[PDB]
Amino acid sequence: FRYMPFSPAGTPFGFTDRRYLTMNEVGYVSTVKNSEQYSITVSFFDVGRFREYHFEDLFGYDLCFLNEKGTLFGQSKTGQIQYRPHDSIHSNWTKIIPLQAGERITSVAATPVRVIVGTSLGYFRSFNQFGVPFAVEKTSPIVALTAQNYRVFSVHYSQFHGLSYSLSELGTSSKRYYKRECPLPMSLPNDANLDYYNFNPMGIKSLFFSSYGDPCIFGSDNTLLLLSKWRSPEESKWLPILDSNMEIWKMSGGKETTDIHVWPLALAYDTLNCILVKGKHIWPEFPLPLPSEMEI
């Protein structure tokens, strides 16, 4: 199996020379193949809050994560990361992650207080928002990472039982696991959208925490799954609280329009902040349409 560099709501290059690194309720991050290097653009939806900016990517970052305070960039092969705070007050910092032979950074994530790097060998390196290492952990191979405050939701792949998920809190005392590589009840993928399922073989379009702390995942079956009552491992349940395949059919009022696909950004209490894609491709292209919402 090929471990592909993953970012939430990321799109592939396809036949164009530009794509989206990551994308969520804060904004969208694009990269463009120019003459020799790359051009990364960090844009926001609340344009009255953050300053949009762009820079020249001399390294070729293919990993990104966006929060409300900064943007984390990652290069899957050289093991180089970079964190750029939105505010000019704080400094940009760069670090190189040690990588063994054939080890690739597969997912990165950041919060106002934590920076996470996961690899294809199962390495879990955590830092603070300034680049100070806190612990190096060895787990199952990591394919997807997301975080919120001090919580971390990590998707792992085993050779045997397949996809699994872990949920942990990188508290000030010590890291604590609520779920440890438990079954991830997600449907694996079953063309024109064939460039995508090579860019993301696991079909995980995006994953994030809800506004109230619950882990969410959006598979290739286009169903938003939410993990309820994870603080009690006995009552833990995954709930399909949204089937966007039917919500398009129910809201259109017409027929099965295969010209409409849903691209998830985040879940904010009662609405699913997302991007509605019109075209043959299920992933959004340029320009990016306005974000819409969806009742639960």
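In case it trips you up, residue 1 is the first one in the sequence shown, and so on. Think of the rigid core as the biggest set of C-alphas that the two forms share within 1.5 Å after superposition.
- Two stretches, 181-189 and 160-168, are weighed by how far their CA atoms sit from the shown form in 5 other deposited structures of this protein after rigid core superposition; the farther one is 160-168.
- RMS Cα deviation from the shown model in 5 other deposited structures of this protein, rigid core fit, is larger for 248-256 than for the other stretch of the pair 266-274 / 248-256.
- Gap check for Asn190 to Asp191: 4 to 9 deposited residues are absent from the model.
- Mean C-alpha B-factor is higher over 207-215 than over the other stretch, the pair under comparison being 135-143 and 207-215.
- A summary of the deposited B-factors shows that, of 101-109 and 218-226, the stretch with the larger mean C-alpha value is 218-226.
- Between the residues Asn92, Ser174, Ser166, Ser120, the entry's highest C-alpha temperature factor is the one at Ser174.
- Highest C-alpha temperature factor among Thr271, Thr31, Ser43, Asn67, as the PDB entry reports it: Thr271.
- Remark: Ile275 belongs to the middle third of its chain, ranked by C-alpha B-factor as recorded.
- For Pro185, the recorded CA B-factor ranks within the middle third of the chain. Only modelled residues enter the ranking.
- Looking at the C-alpha B-factors along this chain, the one for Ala266 belongs to the middle third.
- Ranked within its chain, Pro287 lands in the middle third, by CA B factor from the PDB record.
- When the CA B factors of the chain's modelled residues are split into thirds, the value for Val47 lands in the highest one.
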